[PDB]
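Here the structure is laid out as structure tokens; the discussion comes afterwards.
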Amino acid sequence: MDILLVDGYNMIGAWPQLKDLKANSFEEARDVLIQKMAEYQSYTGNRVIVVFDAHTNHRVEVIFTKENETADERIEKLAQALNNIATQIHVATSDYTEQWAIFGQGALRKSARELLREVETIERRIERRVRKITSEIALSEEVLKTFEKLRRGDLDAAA
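According to the entry's author numbering, the sequence shown holds residues 1 to 55, 65 to 145, 151 to 173 in order.
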């Protein structure tokens, strides 16, 4: 595990928290997805590349496809150009049409339910650690290293 290629709008249409947010061409759902992908990147350490189909970036690579290109085509270009001996690529998508392509470029599929579960698990584990800090240096720095840059300033403002 090292790089994760995300199908942006496939996550939005699948996650119940982003399904409803249709106002203004999915602006809120698009922003909160990157916000959750930034939490995932800072915690795990894996690189996140979110790909959106053409119709902000807190240290997360957001790629917008071309006029005549789909998200399926962009993640394939990325998976081939990034597949090396050291790193392993994961494609976060639930599109059945995409499922017959992950194996062809050395990638391991991740369902939208699995990515939603991981983000919730990551937040649940931060929820546990922040609760121990507020109830009270060696453990405070360890929780700070797993948090995003913007969240570090907020947790420090709370304490």
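The C-beta atom is built at its ideal place from N, Cα and C for all residues, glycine as well.
Following the DSSP letters along the chain, one finds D2 in no alpha helix (DSSP H), marked with neither H nor E. Inclusion of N92 and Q114 in the CB contact set at 8 Å is warranted, their separation being smaller than that value. Beta-carbon to beta-carbon, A101 and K119 are separated by about 4 Å, close enough to satisfy the 8 Å threshold. Here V69 carries a coil assignment [DSSP, helix/strand/coil]. In the three-state reduction of the DSSP assignment, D170 falls in the helix class, which pools H, G and I. In the structure shown, the three-state DSSP call for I131 is helix.
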